Amino acid sequence: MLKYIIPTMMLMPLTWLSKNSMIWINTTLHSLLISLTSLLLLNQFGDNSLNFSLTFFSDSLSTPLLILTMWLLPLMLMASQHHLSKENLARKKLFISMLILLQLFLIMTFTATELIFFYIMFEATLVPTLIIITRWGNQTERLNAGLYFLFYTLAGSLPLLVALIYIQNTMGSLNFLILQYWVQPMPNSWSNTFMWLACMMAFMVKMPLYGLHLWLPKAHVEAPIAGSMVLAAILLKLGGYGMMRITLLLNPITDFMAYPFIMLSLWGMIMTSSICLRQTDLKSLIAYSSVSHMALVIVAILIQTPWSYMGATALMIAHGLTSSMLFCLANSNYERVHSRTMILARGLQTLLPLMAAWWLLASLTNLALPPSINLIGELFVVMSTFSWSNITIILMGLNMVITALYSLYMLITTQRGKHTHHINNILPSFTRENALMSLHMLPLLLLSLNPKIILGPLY
Amino acid sequence: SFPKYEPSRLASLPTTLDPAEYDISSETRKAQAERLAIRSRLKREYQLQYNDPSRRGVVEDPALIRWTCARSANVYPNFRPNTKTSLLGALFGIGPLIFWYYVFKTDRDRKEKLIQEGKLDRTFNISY
Amino acid sequence: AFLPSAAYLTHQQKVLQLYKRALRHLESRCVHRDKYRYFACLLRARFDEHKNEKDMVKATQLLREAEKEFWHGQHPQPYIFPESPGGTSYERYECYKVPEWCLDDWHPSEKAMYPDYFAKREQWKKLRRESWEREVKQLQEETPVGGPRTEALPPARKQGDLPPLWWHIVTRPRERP
Amino acid sequence: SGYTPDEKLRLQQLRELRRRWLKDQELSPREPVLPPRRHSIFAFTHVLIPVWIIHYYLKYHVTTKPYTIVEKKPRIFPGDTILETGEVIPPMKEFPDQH
Amino acid sequence: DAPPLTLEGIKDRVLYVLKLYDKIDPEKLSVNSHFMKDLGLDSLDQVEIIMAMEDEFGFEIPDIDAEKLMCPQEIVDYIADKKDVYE
Amino acid sequence: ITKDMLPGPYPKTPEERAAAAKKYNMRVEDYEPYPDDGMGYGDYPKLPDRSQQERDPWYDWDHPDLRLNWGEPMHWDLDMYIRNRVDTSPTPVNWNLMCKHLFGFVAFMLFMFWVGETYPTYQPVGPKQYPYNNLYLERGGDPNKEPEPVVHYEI
Amino acid sequence: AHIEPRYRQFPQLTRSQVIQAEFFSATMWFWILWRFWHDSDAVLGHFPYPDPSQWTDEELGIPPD
Amino acid sequence: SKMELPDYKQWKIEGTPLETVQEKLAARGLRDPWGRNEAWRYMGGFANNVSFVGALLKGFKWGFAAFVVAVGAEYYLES
Amino acid sequence: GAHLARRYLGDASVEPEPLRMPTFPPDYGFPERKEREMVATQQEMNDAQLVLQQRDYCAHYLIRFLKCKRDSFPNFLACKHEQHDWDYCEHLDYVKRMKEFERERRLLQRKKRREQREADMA
Ligand SMILES: *C(=O)CCCCCCCCCCCCC
C-alpha cells in the first residue's frame, strides 16, 4: 500500500509549490491520476485476501471503500472551489492540504492489518474533519457542531481502545490475519458483556445509531460541501468496517446481545423517515435519510449472515454515492438562492431542465429503483432479515413506503409547481456543476452492470 | 328541518354558515379596518421591494426565517420537563421499543424451539 | 371578509353571491336547458318576493335561512369551469409561464437570433429604469401617515409618467404561452 | 358599486401598456435568423443489422454455453413420423363411436 | 384549435348576447350604455348578465370583478385583458 | 435580520404580549400564543388551524401556489396544510355519518361474504372421474408403490 | 382546405367521415348477423339439458323394496 | 380572423320546448327573458335528435342488406 | 338450482353433498355393473403434453382435435368438427355425472324412507 500513500503525501508539495491560481487544476489532475491507479487493488482471490506486507493488507471489503475515497477526492476539490474563490491563497492551500491529509488517513485506515493502527487512523480522521467544519463553515452553529461531533465519538472510542489493549494482553496479538485462526468463543458473563459494549458502542456512535445520532443533523447542515461529502459518503462507513472486523472476536455472545440495538435501529429507521416527512431543511432531510440507511446497515451487520453482509457493503457504497450526489445538489441550490429553506425556491424545472433531470435521477437512486445497487443492497438485507424473523419484513415494508414518501417530496417542492415570483437571480447551470453530478452518477449507474466487485469479502 | 352541519377537525365549518361573520357591530368593523391596514402596509412594502429594477436577488421574508427558526432552533429553550412531557416521552420513546423487543424475542424463541426439535420445515432452506 | 380593496362584505354583495352560487348549483342539478330555465325563473321569483324588505334584521335572518337552505340542497359535485380553480384545466400552463428576466441570462449567440425583439426589450428596460424613481416618488408622496389603508394603487396623475408598479403586471406571461 | 374613477384611469393606462407590450411580442420576418448549416434505410439499419448482430450473438456465443436456450419438446401425436430416426407412432385404439 | 379572439369579435358577441335579452330593447342600448341608469336594470339582472357572458365565453368571472362590471365596454375590456387579445 | 425579531420565550406581561404581536405583524387581540405547557412552542401564535385550500383562490396572492402573502405569520404546521397535503375543506356530508356509513357498508358485505362462504352454490353433479387410479403416476406418485385400485363404473 | 368554424349553427361536415361511419356501422351489424346466423349456439345453448327427475328407476339401480 | 355572426332576429322560441316553459310560467304568472338566448340549441341542424334505440341501430339497414346478400351468395355457392 | 333451496332451506339429511360422493356402494342395486373404458394410452397421453385437468375419460378426441388444429395451419376454422366431437363427449360425461348425482339423491331418499318405516313399525 506504499504505492498509494506516497503519491497522496506528494500531493502536498504539489499544492504548496504550485502557481498563484493553478492549485485546483494540478490537484484535480493528479488526484484523478491517483484514482485511475487505484484500480490495481482488484487483484482478489476466491480464498485468499491480498496481503502486501506486515502492516498493510487489502481484502475484498476494504477495496471498494478505498476506490470510493480516492475517487471522491477530485470530486471534493471540484465541489469546494466556488465558495472559496474569495478566500486567501494561504487559506486555500490550507484547505486543500486538509482534504489531502484526510484522504491519506482514510486510505491508511482501511488497509490496516493491526486493530491498534486501524483505531489510531480511525481517530486521526477526526482532527481534519473538525477543523474543516469549525473553520470553513457558514453559520454560527458550526461551533456547536464542532463539539457534538467530537465528544460523542471519543466517548465511544476511549473505552474501546482499552478493550483492544485487553486483547493485546489476552490473545498475544491484534493482527487480523492471526486472529482469524486464534479466535476463541466468548462465554456469557458480565465481563464479556461490558467488553462487547466497549468494542461496539464506538461503531454505533460513528455509524450512527438511533438515539446516538444527535450529532449528525448538526454536523451535516453547518458543514461546508466538502465536509458534508466526507461525513456522508466515507466517515459513516468507518463504523461499518469496524463492526465487520470486530464481530469475529465477539462470538457467540452476539446472539442474545444484539437484540436491543436491533430494536433501536428497526424503530429508528421509521422514526427518521417520519422526521424526513416533515423536515423544512434540505440538508437536514439528507442527514436523516443517512441516519435511516446506516441504521439499516447496523441491522444487517448485527444479524451476521452472508446475504446481510453483502447487502451491507452494497448499501454502504450505494448510499455513499447517492448521499454525495444529494449533498452536491443541495449545495448548488444553496449557492444559487443563498438559503436552506425547502419551500423558498420552487418550480426550478421551468428554469433548470438539466438540474431537474439530475434531481429526478438522484431521487430515483435514493428510493432504490432496480437494478441499481441501492436496490441490490436493500433487497439482500431484507432477505436476510426475513430469514432472521418473519415479522421484521413489516418493519421493512412500511419503511419503504415512507422512503418513497419523502424523496419524491424532496423532488416536488424543489422542482414542480409554480415558480416563486420574487427570486430573479437564478443563473443557468454551470459546466462545473453538471460535470460534478455526472461524475457522481455515471459510476453509480455503471456499477449495476458489474456489482460483484462490491459484494463483500465472502462473495 | 334541515340537518345542521357538525364541524370536525378535518372538516371545518363553512364560511357562509358562520354566525360570527354576520355580526355588524362596531368592534368587528374596527378589527377588519386595522386588519386591512396591516395587510395593505405589508403588501405595499413587498411590492415596493419587489418591483425595484436595480435589485437582482431574493426578496427576504422575515416571516419565513422566523418560522424556520421557531421550528428547529427554538424548541429546547421553551421546554420544561413536567408530568405531561415526561409521560409522553416515556410512552413514545421506550414503549414501542419494548413492544417490538418482546414480539421479536417471542417469535425467535418459538422459531428456535421448533428448529431444535426438528418440526420446522427446512427441506430446501440452504441460503440464509 | 377577505377582499383586496375592501375590508368586509356588505349585505348586497352577500345576497348577490348567494344568488349566483344558488343559480350555478341549480344549473348543475338539472342537466337540460329548459328545466334549468324554468327553475331559474322560479328561484328569481323566490328572490324577488322579498326584495323590498326594509327591516334589516329580518333581511339578515332571511339571509341565514337561505344560506342554510342552499347548504342543505347543493350538488355533491357542482359544475366547475375548466379554467376556474378546482377545474380540470386549472393552473395547467404554469409549467410554460417562463418569467421575462430569464431573457437577461441568454447567451449572446442565441441573443442574435432575435435582434429587433431584444432591441425593443432594451427600450422597455430603459423606460422602466427611467420611470422607476418618478413612480416611487409619486407613491411616497400620496400614501398617508401610517401606511396605506387599502391595497388600491393610485393611477398616473401626470403627463408622460406611468402608473406606479406597472412592470410585473404588464409583462406577465400569457394564459397560453 | 361601479368603477371608481381613479382605479378606472389606472386600469385604462395599465391596459394600454399591456396592449403595447403584447404588440411588441411579434416577430419580424427575418427572425429567427438561424446560423448557416434512400427508401429502405429504416428496413435495413433498424431490422437487418440488429438481426445479423444478435443472430451471430445467439448462434456463436449463447448456444455455445450449455442450458442457455432450452426449448419445450415438440408435441408428438399418434400417426406422426419422427424425422430423427424414422420411427412411426402407431395410431390409437378404435373409437367406441357415440354419434 | 382555439381560434384567436379579436376586440371586434368580443364586442360583437357581447352585443349579440345583450340583444338576445328580453329586458333590454335592442333599439336603445349602446356599447357605452350603463345597466342601472341608461337601461334601468336590477342587481339580479346584472348577475344574470354576468353569468350569461360566463356561459357564452366559457370562462368564469370572479365576483369581485363581476360587481364592478356595469357597461358592455367594461366587459369587453375585462375579457380582452383576461384573454390577452390584440397581440 | 436582528436579534429582537426572532421568536423568544412565552410572553407573560401585557407589554411583552403587545411587543410580540407587533413583531408578528398583527393585532394584539388576535395574537394568541400556544399555551406554556412546556412542549417547546414558545411565543409562536396559534393560527385558526385550517388548510390552504380554504383560502380565497381569486385573490392576488403573493404566492398563488401556496395561497400565502408576504410578511403574514405562517402556521406551525404549514408544511402539513399545503395543497399537496391534508385538506380540511367543508364536506357536504357530516364526518360521523360518512364514517358510520362506510363502516356499516364494509362490515355488512364482509358478514355476507362469510355467510355465503358457509353456504356455497354448486351444480347437481358428482365428482369428476379420472382414469388410471385417479392418475396416480401422472400426479407425481412413485412407480414402485402400487396405488390403491380405484375403479369407476359406467352409469 | 380546412373546416371553417361556425357560430351557434350546425358544424360543417365532411362526406368522407360520414361514409366511413356508415360503412363501419354496417360492417358491425353485418358481422353480428352473420355470426348469429352461422354459429347460433354460443347464445341460445350448445347442448340440451335433460331433466334429472325424468330418469327412470331401473337405469339408476334403485332397489325396489 | 373575421368571424361574421348570423342575424339575431331569427332566434325565436317557436317549435321548441321553451314555449312549453313559457306556457308554464304564464300560467303561474312570470316571464322567462332568456328563452331567445337558448333558442339556438333547439332549432336548425340540432333539432330532432334520434332516440337511444335509433342510436344503437345506426347503419342497421345496410348491414342487413349485406347480410342478406352474403347469405344468398353462400346459398348459391353451396349448391 | 332448486337443490340449494331443498338442502339449505329444507333438510340436509336427504340432499347429497358435492364434497363426498358416493356413499352408497357401486354394487348396491346395480346387477353386474360395467366399468368405463380408456382409449388413450398413458404413453400417448404423456407425450402429447396434455394438461392434467384435460386428461379426462375421452381425451382421445382432444388429441385428434389438437392434431387437426396443428396440421391445418393457418386455416384455424377448418376442422371444428373435431371440436364438436370433443364437446359432445364432455357433455355426455357431464350427463353421466348428473345421473350419478340423481342416483345418490334417490338412494338417500330411499334410506330415509326405510328408517321412517322402521320408526313406524317400532
Ligand atoms: C338453481 O336454482 C341454482 C342455480 C345456481 C345458483 C343461483 C344462481 C343465481 C344467479 C343466476 C340466475 C339468475 C336469474 C335471473
# chains A, B, ... in the order shown; residues from 1 in each chain; ligands from 1
>>> interface_residues(of="chain G", to="chain E", cutoff="12 Å", atoms="only C-alpha atoms", output="VMD selection string")
chain G and resid 2 to 8
>>> write_last_selection(atoms="N, CA, C and O atoms", output="mmCIF file, in the first residue's frame")
data_model
loop_
_atom_site.group_PDB
_atom_site.id
_atom_site.type_symbol
_atom_site.label_atom_id
_atom_site.label_comp_id
_atom_site.auth_asym_id
_atom_site.auth_seq_id
_atom_site.Cartn_x
_atom_site.Cartn_y
_atom_site.Cartn_z
ATOM 1 N N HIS G 2 -59.439 23.567 -45.043
ATOM 2 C CA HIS G 2 -59.877 23.067 -43.751
ATOM 3 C C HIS G 2 -61.348 23.411 -43.530
ATOM 4 O O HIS G 2 -62.038 23.923 -44.416
ATOM 5 N N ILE G 3 -61.829 23.124 -42.326
ATOM 6 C CA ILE G 3 -63.211 23.402 -41.952
ATOM 7 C C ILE G 3 -63.248 24.703 -41.164
ATOM 8 O O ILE G 3 -62.642 24.809 -40.093
ATOM 9 N N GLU G 4 -63.958 25.690 -41.689
ATOM 10 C CA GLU G 4 -64.091 26.967 -41.005
ATOM 11 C C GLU G 4 -65.103 26.842 -39.870
ATOM 12 O O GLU G 4 -66.205 26.331 -40.090
ATOM 13 N N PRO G 5 -64.760 27.267 -38.655
ATOM 14 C CA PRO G 5 -65.711 27.168 -37.541
ATOM 15 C C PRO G 5 -66.909 28.083 -37.731
ATOM 16 O O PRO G 5 -66.811 29.167 -38.309
ATOM 17 N N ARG G 6 -68.051 27.628 -37.227
ATOM 18 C CA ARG G 6 -69.309 28.348 -37.338
ATOM 19 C C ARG G 6 -69.806 28.729 -35.952
ATOM 20 O O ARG G 6 -69.510 28.054 -34.961
ATOM 21 N N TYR G 7 -70.566 29.818 -35.890
ATOM 22 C CA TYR G 7 -71.044 30.381 -34.632
ATOM 23 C C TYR G 7 -72.508 30.000 -34.451
ATOM 24 O O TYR G 7 -73.360 30.423 -35.237
ATOM 25 N N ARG G 8 -72.778 29.186 -33.423
ATOM 26 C CA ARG G 8 -74.108 28.743 -32.963
ATOM 27 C C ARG G 8 -74.985 28.156 -34.082
ATOM 28 O O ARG G 8 -76.214 28.115 -33.964
#
>>> residues_around(residues="range 83-92 of chain D", least_positions_apart="2", cutoff="12 Å", atoms="only C-alpha atoms", output="ChimeraX atom specification")
/D:74,76-81,94-96 /I:38-45,47-48,59-61,63-64
>>> write_last_selection(atoms="C-alpha atoms", output="PDB file, in the first residue's frame")
ATOM      1  CA  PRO D  74     -42.341 -30.693 -29.873  1.00  0.00           C
ATOM      2  CA  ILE D  76     -45.862 -35.986 -30.593  1.00  0.00           C
ATOM      3  CA  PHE D  77     -49.239 -37.253 -31.817  1.00  0.00           C
ATOM      4  CA  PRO D  78     -50.285 -40.772 -32.868  1.00  0.00           C
ATOM      5  CA  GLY D  79     -49.885 -41.241 -36.599  1.00  0.00           C
ATOM      6  CA  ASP D  80     -46.917 -38.867 -36.831  1.00  0.00           C
ATOM      7  CA  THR D  81     -43.417 -39.771 -38.018  1.00  0.00           C
ATOM      8  CA  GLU D  94     -60.533 -47.962 -32.480  1.00  0.00           C
ATOM      9  CA  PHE D  95     -63.040 -45.461 -31.131  1.00  0.00           C
ATOM     10  CA  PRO D  96     -66.273 -46.625 -29.470  1.00  0.00           C
TER      11      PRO D  96
ATOM     12  CA  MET I  38     -59.955 -45.837 -21.535  1.00  0.00           C
ATOM     13  CA  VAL I  39     -58.981 -45.488 -25.191  1.00  0.00           C
ATOM     14  CA  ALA I  40     -55.982 -43.157 -24.905  1.00  0.00           C
ATOM     15  CA  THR I  41     -52.835 -44.903 -23.690  1.00  0.00           C
ATOM     16  CA  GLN I  42     -50.843 -43.478 -20.780  1.00  0.00           C
ATOM     17  CA  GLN I  43     -47.788 -43.026 -23.010  1.00  0.00           C
ATOM     18  CA  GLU I  44     -49.863 -41.374 -25.756  1.00  0.00           C
ATOM     19  CA  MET I  45     -51.406 -39.099 -23.126  1.00  0.00           C
ATOM     20  CA  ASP I  47     -46.060 -37.400 -24.932  1.00  0.00           C
ATOM     21  CA  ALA I  48     -48.977 -35.282 -26.181  1.00  0.00           C
ATOM     22  CA  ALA I  59     -59.008 -37.301 -24.156  1.00  0.00           C
ATOM     23  CA  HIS I  60     -58.528 -39.133 -27.481  1.00  0.00           C
ATOM     24  CA  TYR I  61     -60.987 -36.702 -29.080  1.00  0.00           C
ATOM     25  CA  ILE I  63     -55.716 -35.455 -29.102  1.00  0.00           C
ATOM     26  CA  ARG I  64     -57.356 -35.792 -32.526  1.00  0.00           C
TER      27      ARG I  64
END
>>> residues_around(residues="residue 39 in chain B", least_positions_apart="2", cutoff="12 Å", atoms="only C-alpha atoms", output="VMD selection string")
(chain B and resid 32 to 37 41 to 46) or (chain C and resid 2 to 7 147 to 152) or (chain F and resid 25 to 27 61 to 62 68 to 73)
>>> residues_near_ligand(ligand="ligand 1", cutoff="10 Å", atoms="only C-alpha atoms and all ligand atoms", output="list in words")
residues 120, 121, 122, 123 and 124 of chain F; 1, 2, 3, 4, 5 and 6 of chain I
>>> write_last_selection(atoms="C-alpha atoms", output="mmCIF file, in the first residue's frame")
data_model
loop_
_atom_site.group_PDB
_atom_site.id
_atom_site.type_symbol
_atom_site.label_atom_id
_atom_site.label_comp_id
_atom_site.auth_asym_id
_atom_site.auth_seq_id
_atom_site.Cartn_x
_atom_site.Cartn_y
_atom_site.Cartn_z
ATOM 1 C CA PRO F 120 -71.732 -22.254 -1.208
ATOM 2 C CA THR F 121 -73.515 -22.854 -4.500
ATOM 3 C CA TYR F 122 -72.890 -25.640 -6.996
ATOM 4 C CA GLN F 123 -74.469 -27.783 -9.722
ATOM 5 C CA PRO F 124 -76.102 -31.214 -9.252
ATOM 6 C CA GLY I 1 -80.836 -24.605 -8.722
ATOM 7 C CA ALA I 2 -83.728 -25.901 -6.647
ATOM 8 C CA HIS I 3 -81.429 -28.364 -4.856
ATOM 9 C CA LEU I 4 -79.774 -25.493 -2.968
ATOM 10 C CA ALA I 5 -83.205 -24.492 -1.663
ATOM 11 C CA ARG I 6 -84.023 -28.124 -0.858
#
>>> residues_around(residues="residue 7 in chain E", least_positions_apart="6", cutoff="10 Å", atoms="only C-alpha atoms", output="compact mmCIF listing (two decimals) with N, CA, C and O atoms, in the first residue's frame")
# COMPACT_ATOMS: atom_id res chain seq x y z
N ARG E 13 -69.91 39.65 -29.93
CA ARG E 13 -70.51 38.59 -29.12
C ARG E 13 -71.26 39.16 -27.92
O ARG E 13 -72.36 38.70 -27.60
N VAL E 76 -66.03 44.16 -22.33
CA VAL E 76 -65.11 43.94 -23.45
C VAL E 76 -63.67 44.12 -23.00
O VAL E 76 -62.80 43.29 -23.31
N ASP E 77 -63.40 45.17 -22.23
CA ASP E 77 -62.04 45.42 -21.74
C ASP E 77 -61.58 44.34 -20.78
O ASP E 77 -60.42 43.92 -20.82
N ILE E 79 -62.64 41.11 -20.63
CA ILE E 79 -62.39 39.88 -21.37
C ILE E 79 -61.13 40.02 -22.24
O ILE E 79 -60.36 39.06 -22.39
N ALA E 80 -60.90 41.21 -22.78
CA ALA E 80 -59.69 41.46 -23.56
C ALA E 80 -58.44 41.34 -22.71
O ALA E 80 -57.42 40.80 -23.15
N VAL E 85 -55.90 39.48 -25.78
CA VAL E 85 -56.17 39.69 -27.19
C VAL E 85 -55.33 40.86 -27.70
O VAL E 85 -54.73 41.59 -26.91
N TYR E 86 -55.30 41.01 -29.03
CA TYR E 86 -54.54 42.06 -29.73
C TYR E 86 -53.05 41.98 -29.39
O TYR E 86 -52.46 42.89 -28.81
>>> select_by_dssp(residues="chain H", states="alpha helix (DSSP H)", output="NGL selection string")
:H and (17-28 or 52-56 or 60-78)
>>> write_last_selection(atoms="N, CA, C and O atoms", output="tab-separated table (two decimals), in the first residue's frame")
chain	number	residue	atom	x	y	z
H	17	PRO	N	-89.36	23.38	-26.90
H	17	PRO	CA	-89.94	23.27	-25.55
H	17	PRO	C	-89.84	24.53	-24.70
H	17	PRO	O	-90.42	24.58	-23.61
H	18	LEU	N	-89.10	25.55	-25.15
H	18	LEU	CA	-89.07	26.82	-24.44
H	18	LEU	C	-90.44	27.50	-24.44
H	18	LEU	O	-90.76	28.21	-23.50
H	19	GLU	N	-91.26	27.26	-25.47
H	19	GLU	CA	-92.65	27.70	-25.36
H	19	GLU	C	-93.44	26.90	-24.34
H	19	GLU	O	-94.36	27.45	-23.73
H	20	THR	N	-93.13	25.62	-24.14
H	20	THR	CA	-93.79	24.88	-23.06
H	20	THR	C	-93.42	25.47	-21.71
H	20	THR	O	-94.29	25.65	-20.83
H	21	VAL	N	-92.15	25.84	-21.54
H	21	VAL	CA	-91.71	26.54	-20.33
H	21	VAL	C	-92.43	27.89	-20.22
H	21	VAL	O	-92.87	28.28	-19.13
H	22	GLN	N	-92.57	28.60	-21.34
H	22	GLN	CA	-93.25	29.90	-21.34
H	22	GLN	C	-94.71	29.77	-20.95
H	22	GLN	O	-95.24	30.61	-20.21
H	23	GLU	N	-95.39	28.73	-21.44
H	23	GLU	CA	-96.78	28.49	-21.05
H	23	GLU	C	-96.90	28.15	-19.58
H	23	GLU	O	-97.83	28.60	-18.91
H	24	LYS	N	-95.96	27.36	-19.05
H	24	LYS	CA	-95.99	27.04	-17.62
H	24	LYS	C	-95.78	28.29	-16.77
H	24	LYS	O	-96.50	28.51	-15.78
H	25	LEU	N	-94.82	29.14	-17.15
H	25	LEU	CA	-94.60	30.38	-16.41
H	25	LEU	C	-95.76	31.35	-16.55
H	25	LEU	O	-96.11	32.03	-15.58
H	26	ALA	N	-96.37	31.44	-17.73
H	26	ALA	CA	-97.51	32.34	-17.92
H	26	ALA	C	-98.73	31.86	-17.16
H	26	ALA	O	-99.52	32.68	-16.67
H	27	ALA	N	-98.93	30.54	-17.06
H	27	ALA	CA	-99.97	30.02	-16.18
H	27	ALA	C	-99.66	30.34	-14.73
H	27	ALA	O	-100.57	30.69	-13.96
H	28	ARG	N	-98.40	30.25	-14.33
H	28	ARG	CA	-98.05	30.64	-12.97
H	28	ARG	C	-98.04	32.16	-12.81
H	28	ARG	O	-98.55	32.68	-11.81
H	52	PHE	N	-82.52	6.60	-28.31
H	52	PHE	CA	-81.46	5.67	-27.92
H	52	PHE	C	-81.50	4.40	-28.76
H	52	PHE	O	-80.45	3.90	-29.19
H	53	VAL	N	-82.69	3.85	-28.99
H	53	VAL	CA	-82.82	2.65	-29.82
H	53	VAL	C	-82.46	2.95	-31.26
H	53	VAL	O	-81.90	2.10	-31.96
H	54	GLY	N	-82.77	4.16	-31.74
H	54	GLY	CA	-82.30	4.57	-33.05
H	54	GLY	C	-80.82	4.87	-33.10
H	54	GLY	O	-80.22	4.82	-34.18
H	55	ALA	N	-80.22	5.18	-31.95
H	55	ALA	CA	-78.77	5.35	-31.90
H	55	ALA	C	-78.06	4.01	-31.96
H	55	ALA	O	-77.02	3.88	-32.61
H	56	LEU	N	-78.60	3.00	-31.28
H	56	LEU	CA	-78.00	1.67	-31.32
H	56	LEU	C	-78.15	1.02	-32.68
H	56	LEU	O	-77.33	0.17	-33.06
H	60	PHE	N	-77.96	-0.13	-39.48
H	60	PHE	CA	-78.53	-1.48	-39.47
H	60	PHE	C	-79.10	-1.87	-40.82
H	60	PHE	O	-79.11	-3.05	-41.16
H	61	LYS	N	-79.57	-0.89	-41.60
H	61	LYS	CA	-80.19	-1.19	-42.89
H	61	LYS	C	-79.18	-1.75	-43.89
H	61	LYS	O	-79.42	-2.79	-44.51
H	62	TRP	N	-78.04	-1.07	-44.05
H	62	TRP	CA	-77.02	-1.54	-44.97
H	62	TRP	C	-76.40	-2.85	-44.48
H	62	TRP	O	-76.06	-3.72	-45.29
H	63	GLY	N	-76.26	-3.01	-43.17
H	63	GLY	CA	-75.75	-4.26	-42.63
H	63	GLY	C	-76.69	-5.43	-42.87
H	63	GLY	O	-76.25	-6.53	-43.21
H	64	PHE	N	-78.00	-5.20	-42.72
H	64	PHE	CA	-78.98	-6.23	-43.02
H	64	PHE	C	-78.98	-6.57	-44.51
H	64	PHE	O	-79.10	-7.75	-44.88
H	65	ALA	N	-78.85	-5.56	-45.37
H	65	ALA	CA	-78.78	-5.81	-46.81
H	65	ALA	C	-77.55	-6.63	-47.17
H	65	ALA	O	-77.63	-7.57	-47.97
H	66	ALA	N	-76.40	-6.29	-46.58
H	66	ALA	CA	-75.17	-7.04	-46.85
H	66	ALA	C	-75.27	-8.46	-46.31
H	66	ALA	O	-74.76	-9.40	-46.93
H	67	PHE	N	-75.91	-8.64	-45.15
H	67	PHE	CA	-76.10	-9.97	-44.59
H	67	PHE	C	-76.99	-10.83	-45.48
H	67	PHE	O	-76.69	-12.01	-45.71
H	68	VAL	N	-78.08	-10.25	-46.00
H	68	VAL	CA	-78.96	-10.99	-46.90
H	68	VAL	C	-78.24	-11.35	-48.19
H	68	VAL	O	-78.35	-12.48	-48.69
H	69	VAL	N	-77.46	-10.40	-48.74
H	69	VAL	CA	-76.71	-10.65	-49.97
H	69	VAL	C	-75.67	-11.75	-49.76
H	69	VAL	O	-75.53	-12.65	-50.60
H	70	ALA	N	-74.96	-11.72	-48.63
H	70	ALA	CA	-73.94	-12.73	-48.36
H	70	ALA	C	-74.56	-14.10	-48.12
H	70	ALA	O	-74.00	-15.12	-48.54
H	71	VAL	N	-75.71	-14.15	-47.44
H	71	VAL	CA	-76.39	-15.42	-47.22
H	71	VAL	C	-76.87	-16.01	-48.54
H	71	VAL	O	-76.70	-17.21	-48.79
H	72	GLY	N	-77.44	-15.18	-49.41
H	72	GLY	CA	-77.85	-15.66	-50.72
H	72	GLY	C	-76.67	-16.11	-51.57
H	72	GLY	O	-76.76	-17.10	-52.30
H	73	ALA	N	-75.55	-15.40	-51.47
H	73	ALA	CA	-74.35	-15.79	-52.21
H	73	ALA	C	-73.81	-17.13	-51.73
H	73	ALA	O	-73.44	-17.98	-52.55
H	74	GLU	N	-73.76	-17.34	-50.41
H	74	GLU	CA	-73.26	-18.62	-49.92
H	74	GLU	C	-74.25	-19.75	-50.19
H	74	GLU	O	-73.85	-20.90	-50.35
H	75	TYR	N	-75.55	-19.43	-50.29
H	75	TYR	CA	-76.53	-20.43	-50.69
H	75	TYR	C	-76.36	-20.78	-52.17
H	75	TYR	O	-76.59	-21.93	-52.56
H	76	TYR	N	-75.95	-19.82	-52.99
H	76	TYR	CA	-75.69	-20.11	-54.40
H	76	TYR	C	-74.40	-20.92	-54.57
H	76	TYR	O	-74.36	-21.85	-55.38
H	77	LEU	N	-73.35	-20.59	-53.82
H	77	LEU	CA	-72.09	-21.32	-53.94
H	77	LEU	C	-72.12	-22.68	-53.26
H	77	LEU	O	-71.30	-23.54	-53.61
H	78	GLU	N	-73.01	-22.91	-52.30
H	78	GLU	CA	-73.05	-24.23	-51.67
H	78	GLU	C	-73.72	-25.27	-52.56
H	78	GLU	O	-73.57	-26.47	-52.31
>>> residues_around(residues="residue 12 in chain B", least_positions_apart="5", cutoff="12 Å", atoms="only C-alpha atoms", output="list in words")
residues 5, 6, 7, 17 and 18 of chain B; 48, 49, 50, 51, 53, 54, 87, 88, 89, 90, 91, 92, 93, 94 and 95 of chain F
